[PDB]
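Okay, structure first, notes after.
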Amino acid sequence: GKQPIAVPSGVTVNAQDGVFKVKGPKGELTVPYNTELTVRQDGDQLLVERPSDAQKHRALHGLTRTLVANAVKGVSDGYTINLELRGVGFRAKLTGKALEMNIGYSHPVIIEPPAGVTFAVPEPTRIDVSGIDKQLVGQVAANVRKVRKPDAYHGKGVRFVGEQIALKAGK
Amino acid sequence: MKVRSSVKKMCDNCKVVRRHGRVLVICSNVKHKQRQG
Amino acid sequence: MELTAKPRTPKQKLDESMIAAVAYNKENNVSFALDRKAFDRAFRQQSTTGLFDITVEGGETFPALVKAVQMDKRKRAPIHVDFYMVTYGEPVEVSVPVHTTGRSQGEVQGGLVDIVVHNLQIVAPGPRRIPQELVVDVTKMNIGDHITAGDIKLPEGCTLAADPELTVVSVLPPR
Amino acid sequence: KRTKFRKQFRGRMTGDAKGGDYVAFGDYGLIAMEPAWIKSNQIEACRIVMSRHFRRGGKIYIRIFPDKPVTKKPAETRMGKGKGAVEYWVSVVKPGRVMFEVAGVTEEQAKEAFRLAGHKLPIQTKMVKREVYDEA
Amino acid sequence: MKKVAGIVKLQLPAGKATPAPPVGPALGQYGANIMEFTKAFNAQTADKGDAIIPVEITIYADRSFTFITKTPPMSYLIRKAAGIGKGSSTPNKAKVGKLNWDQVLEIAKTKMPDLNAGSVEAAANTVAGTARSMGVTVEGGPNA
RNA sequence: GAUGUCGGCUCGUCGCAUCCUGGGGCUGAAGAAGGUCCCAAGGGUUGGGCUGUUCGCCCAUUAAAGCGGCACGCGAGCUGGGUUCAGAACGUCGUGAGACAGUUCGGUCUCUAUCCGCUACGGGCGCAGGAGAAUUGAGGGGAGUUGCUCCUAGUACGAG
RNA sequence: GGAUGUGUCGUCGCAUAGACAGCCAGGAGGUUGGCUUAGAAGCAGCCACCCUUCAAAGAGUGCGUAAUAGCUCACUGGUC
């Protein structure tokens, strides 16, 4: 079961109906939920209470909270993942906002950030996907982590810095 | 991937999961990767 | 154990968790019907050397003893019990199990010790004071040591019904 | 396994167990919960299994020996009488019965010697321990 | 040639470490000298010879190794006092031999640098624990 | 008061427990080449020699050179080599007439399609006037294969 | 046969004097326990499975090497 709810300043919830509408310094974010899913703010902090309790319920429960709490650090602090390009001649440049891979493929890989995401590069050997929506970011750093998975013999291609990739080790 | 009728753990990892009407087996190691389907 | 009903009819129990026994002696052979669960958790402990409180509905505590029991095949679950109303000076005879303790000087030697005859029966138990158990030596036992009735220490009074030279426990060899 | 000498043939019929005790010869036991014909070879397939699992002790009992001769098709036809007295020997086993029951080894160290064995039997069983005290 | 994130530990007879079987690849594949460790072994083990003595080798990064002449193993001390030829595989069936507690006092006094138990008493029961897993028995004891 | 039989040839079509191409997990998978399990039948799956063959062995190739079903698919479609007519021979059995696990040479396989089905093509009528012509697309059909060289790159990889 | 898919009954069980899973940290010394081997040191296989310190930390989970080593576990404290 989940209940705590840190709703720091910047926020602005609006449980108006099922579109549990939100607005913060990072940009108004909206996350829908279950109506019979009871929730609003009490006193200062917040909480999503529930009707029945066992499964069909306690699940959406433990869902919504975790979800809203997100939009919080959401419009509050914004999210950003840091990827690592690794291997001989692996490197990303850029084009406007376009992430530009260069990872062994006979021709270069261009990646374009969607409606509310942004690419950044420190050294053409490390990456970053910041943004508002925790999902998308993950839901995209993926698409970048996918342009090339790490190998079981040298763990190349994109990865998660503190990524644990042991090597099979061959000949 | 291992499609076996009888799907069970094979070490203190094997994490029997249930994705779309299927019985799965995700272990930290792969050769334990199972799946009735 | 508050068994209450006791009719030739068991409908009102055959579904409702209840066993169905009979306790007697020669005087009263009262019809019976106790609860499943109770005698279920009960007999386990006292076994056939454990008399218990028999306050049948109405309140008439009676002392008896688990005589014989008949349980279901397919289902290790019991169905019918027969209680033998305790006596005073002599009951009949009792079914008493054999037990070991202390390591055997045969076990570590390389073989194992076998309790040929699990439970053992002895002539004249002596009501009120009937061994609800029986511990036996085994240590001494080596490679081919056989213990018999004539050996097991008695609980002062009790007389061994089974034949003396009958092997009770023998520390078997390896393989 | 196969008997030493007898008549030569038989028949077929069934109904729940009759003289298949429970505790005796050991502490742990295995129980057949279903009508079947246990094949003598399906017992070796059990004994020899349990064996392996027990470096020693032997404390394995097979109180189910095969008292029965079944027959076979001497290729196909149908123009001839009874046939194949020597197909194989069987041990008709009814529910509640006890084919196995080890002794001495630890519970689990026995909750496996059976598990396995089970895996070569045609029927569904389960393991048993004590409180068995009918006749002695 | 190699850093080796591990520590090298072994047990030499008295003053060999010269033949191939003993060390050899144990320090050969590492690319270093061995003719030095040999002379730097029998020289220190001069006091206590004709007895197996375990030594721990510590190699640095500059291909520099060290050693610490400790005390002989308890498994050999018993085979020297009781005159044991070889350890038995069936201590439950047939034993090996028998010694006196006096042969233990010389062990808890020499092998004391390693013994971090209590004091004497606590450093005596530990010795019997190893000898018990061998085959020999203990003489005397409490009471009597 | 008859459901024509083995094999070919022709003509196909269907299942998948996929032979090759497609996608994937694991590999004891370095790469290259493979093993193996999953998903997947769009399409494709060669020509010769021996045998009546099916089968199979073999020559030369191929991405491959799948397995089965459809009265062991298909004779009112063709053949007729095979085998269950009449001739004749050998071995074998039979005193014989004859016979056969057998072997061997020979031996007329019926122009005319009525109903369904199928491929083409017309006549009627219908589609709320009688006519000329141009179209929408409901639905439906066809096609749906693969190699090799070059480039990237003699890179990644690999002690090489 | 498989399998934290649910519904209802039974058993241990373990537990605010603060467990379970999660987390920081620890982890024993004897001993590469003896035995067997070309060796194998908690982990190919016989035997056992005790001593010492402690709040603790088992001759030992499994993974790993040619044994080493290394990586975690069973036992211990604080956070909640």
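We name chains A, B, ... following the order of the structure tokens; residues begin at 1 in each chain, and ligands are numbered from 1 as shown.
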
**Message:** Show me, as a PyMOL selection string, every residue of chain C with an atom at most 9 Å from chain E, counting only C-alpha atoms.
**Reply:** chain C and resi 108-110

*For chain B, work out the contacting residues on chain A at 12 Å, counting only C-alpha atoms, and write them as a PyMOL selection string.*
chain A and resi 152+164-166+168

Which residues of chain G have any atom within 12 Å of an atom in chain A when counting only C-alpha atoms (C1' of nucleotides), and what is the closest pair of atoms for each, with the distance in Å to one decimal? Order the rows by chain and rising number and write it as CSV.
```
residue,atom,partner,partner_atom,distance
G:5,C1',A:55,CA,11.9
G:6,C1',A:55,CA,10.0
G:71,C1',A:166,CA,12.0
```

Correct to one decimal, the distance atom CA of residue 62 of chain D-atom CA of residue 101 of chain C is 28.0 Å

Using only C-alpha atoms (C1' of nucleotides), which residues sit within 12 Å of segment 66-70 of chain C once same-chain residues fewer than 2 positions away are excluded, as a PyMOL selection string?
(chain C and resi 19-25+39-40+42-52+54+63-64+72-73+75-86+91-95+132) or (chain D and resi 21+131-136)

Only residues of chain A matter here; which ones have an atom within 9 Å of chain F, counting only C-alpha atoms (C1' of nucleotides)? Give them as an NGL selection string. :A and (88 or 104 or 106-107 or 153 or 169-171)

Could you write out that same residue set with N, CA, C and O atoms as a CSV table (one decimal), in the first residue's frame?
```csv
chain,number,residue,atom,x,y,z
A,88,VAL,N,35.1,1.7,-30.2
A,88,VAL,CA,35.9,2.4,-31.2
A,88,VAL,C,35.2,3.2,-32.2
A,88,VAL,O,34.5,2.7,-33.1
A,104,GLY,N,29.6,2.4,-35.9
A,104,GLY,CA,29.9,1.2,-36.8
A,104,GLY,C,29.1,0.9,-38.0
A,104,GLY,O,29.5,0.2,-38.9
A,106,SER,N,27.5,1.1,-41.6
A,106,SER,CA,28.0,1.6,-42.9
A,106,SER,C,27.5,3.1,-43.2
A,106,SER,O,28.1,3.8,-44.0
A,107,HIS,N,26.4,3.5,-42.6
A,107,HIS,CA,25.9,4.9,-42.8
A,107,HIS,C,25.4,5.3,-41.4
A,107,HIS,O,24.8,4.5,-40.7
A,153,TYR,N,30.6,-9.6,-25.5
A,153,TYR,CA,32.0,-9.9,-25.7
A,153,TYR,C,32.9,-8.6,-25.6
A,153,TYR,O,34.1,-8.7,-25.5
A,169,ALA,N,33.1,-13.6,-23.1
A,169,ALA,CA,34.6,-13.9,-23.3
A,169,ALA,C,34.7,-15.1,-24.1
A,169,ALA,O,34.3,-16.2,-23.8
A,170,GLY,N,35.2,-14.9,-25.3
A,170,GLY,CA,35.4,-16.0,-26.3
A,170,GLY,C,36.8,-16.5,-26.4
A,170,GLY,O,37.5,-16.7,-25.4
A,171,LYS,N,37.2,-16.7,-27.6
A,171,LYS,CA,38.5,-17.2,-28.0
A,171,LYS,C,39.6,-16.4,-27.2
A,171,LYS,O,39.2,-15.5,-26.4
```

Exercise for the section: Just need the residues of chain G within 12 Å of chain E, counting only C-alpha atoms (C1' of nucleotides), so spit them out as a ChimeraX atom specification. Expected result: /G:28-36,38-39,41,45-54,59,66-70
